[PDB]
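# Results of the structural survey
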Amino acid sequence: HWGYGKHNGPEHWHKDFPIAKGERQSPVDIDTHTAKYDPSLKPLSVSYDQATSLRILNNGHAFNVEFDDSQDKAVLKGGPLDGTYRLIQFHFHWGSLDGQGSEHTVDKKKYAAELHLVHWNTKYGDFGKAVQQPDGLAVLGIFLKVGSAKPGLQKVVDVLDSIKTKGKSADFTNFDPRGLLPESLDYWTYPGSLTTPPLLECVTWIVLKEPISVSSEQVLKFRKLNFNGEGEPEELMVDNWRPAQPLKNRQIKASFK
Ligand SMILES: O=C(O)Cc1cccc([N+](=O)[O-])c1
Ligand code: NI
Ligand code: NI
């Protein structure tokens, strides 16, 4: 019964999931000066035109916007990837304050939040099988800074009062995730893991260099969510980010010079 507190937070997770101290854990600090530009990298293809969003769920640690992943409707390909990766969900990690919240850091800088678009490799048939493979998932990571509002985020923000507590869901159809992407698809990539239990080492991370801007008011609404279930004492859903982990024997590659 894990979480983000003093008593059950990241620094405890290794007792249940020894892989927490493994060789390819996430997130990491991205040292921009030491990331090497990789010309082998194939260009990134994000094909979200046919995406079908279904539902938004408060899972007790974040909220997930879930997609129909029963066909190739929203797919990621290219970049460092071999093959086709299907969108299953996106979620965010965020802070109690604007000065923290992202999982990845960039030269030690923390952003206010980070968006994760989670995709699984279709060669494995479903998500559950894909998470058991070293190349099972591709997560596209996007940093959020506080400034102007992000218009394409407002639909998400406005439904959050309907999913305040753990286990609540709401219908969330017709949401276009293209409205959450920055202009540029320049990226860093490295092999890593999920950042909550069970911490599986199944992720190719693709972290975009260009942040998106969201307003103060938008991020404030994230911070009104609750970790707890209805009828339990209120504990605000904030600081649901794992801190940077050791890079160990990994290289971070850049798609750009
Ligand atoms: O890495 C995370 O944010 C945690 C996490 C936990 C469980 C599933 C997830 N997913 O990628 O579908 C992500
Ligand atoms: Ni538990
Ligand atoms: Ni995540």
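Residues numbered from 1 in each chain as written, not as in the entry; some residues may be left out. Chains lettered and ligands numbered in written order. Heavy atoms only, no water.

As a further point, take the coordination of the nickel ion (ligand 3). Summarising the metal site, the nickel ion (ligand 3) is bound by the protein donors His91 (NE2), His93 (NE2) and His116 (ND1), whose distances to it range over 2.0 to 2.1 Å. Coordination at the nickel ion (ligand 3) comes from four donor atoms whose angles at the metal span 88 to 170°, giving a geometry best classed as irregular. Read in sequence order, the donor residues for the nickel ion (ligand 3) give the motif H-x1-H-x22-H. Taken together, the residues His91 in strand β7 (residues 85-94) and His116 in strand β9 (residues 113-121) connect sequence positions 25 residues apart. According to the relative accessible area criterion, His91 is buried, its value standing at 12%. A relative accessible area of 1% places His116 in the buried class. (Donors = N, O, S within 2.8 Å, 3.2 Å for Na, K, Ca; no water. Tetrahedral: all angles 85-135°; square planar, octahedral: opposite > 155°, others 65-115°. Helix = DSSP H or I, 4+ residues; strand = E, 2+ residues; numbered from the N terminus. Buried < 20%, exposed > 50% of the residue type's maximum accessible area, 1.4 Å probe, protein only.)

Aromatic ring pairs are described here by two measures, namely the spacing of the ring centres and the angle between the planes. Counted according to the given criterion, the structure contains 15 aromatic pairs. Ring centres of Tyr4 and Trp13 lie 5.8 Å apart, and the angle between their planes is 75°; on these two criteria the pair is classed as edge-to-face. Measuring from ring centre to ring centre gives 5.7 Å for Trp188 and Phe256, while their planes differ by 65°; the resulting arrangement is edge-to-face. Placement of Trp188 in strand β12 (residues 187-192) and of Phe256 in the segment after β15 (253-254) is noted, with a sequence separation of 68 residues between them. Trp188 gets classed as buried once you look at its relative accessible area, which sits at 5%. Sitting over the face of the ring of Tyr111, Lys109 holds its NZ or CZ atom 4.5 Å from the ring centroid. (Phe/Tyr/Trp six-rings, centres within 6.5 Å; stacked < 30°, edge-to-face > 60°. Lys NZ or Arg CZ within 6 Å of the ring centre and 35° of its normal.)

As a further point, take the pattern of salt bridges. Pairing is possible between side chains of opposite charge, provided their charged atoms come close. Applying the stated criterion across every chain, the model contains 10 salt bridges. Between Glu23 and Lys248 there is a salt bridge, and its shortest N-O distance comes to 3.9 Å. Taken together, the positions of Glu23 in the segment before β1 (29-30) and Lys248 in the loop between α3 (216-222) and β15 put the pair 225 residues apart, joining distant regions of the chain. We note a salt bridge from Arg86 to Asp72, for which the minimum N-O separation is 2.6 Å. Residue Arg86 is located in strand β7, and its partner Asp72 is located in the loop between β5 (63-67) and β6 (75-78); the two are separated by 14 residues in the primary sequence. For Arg86, a relative accessible area of 12% corresponds to the buried category. For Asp72, a relative accessible area of 47% translates into the label partly exposed. (Salt bridge = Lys/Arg side-chain N within 4 Å of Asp/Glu carboxyl O.)

Octahedral six-donor coordination of a metal ideally yields angles of 90 or 180 degrees, compared with 109.5 degrees for tetrahedral four-donor coordination. Ligation of the nickel ion (ligand 2) by protein atoms is provided by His1 (N) and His1 (ND1), these donors lying 2.2 to 2.5 Å from the ion. Note on placement: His1 falls in the segment before β1.

The analysis is restricted to geometry; functional conclusions fall outside its scope.
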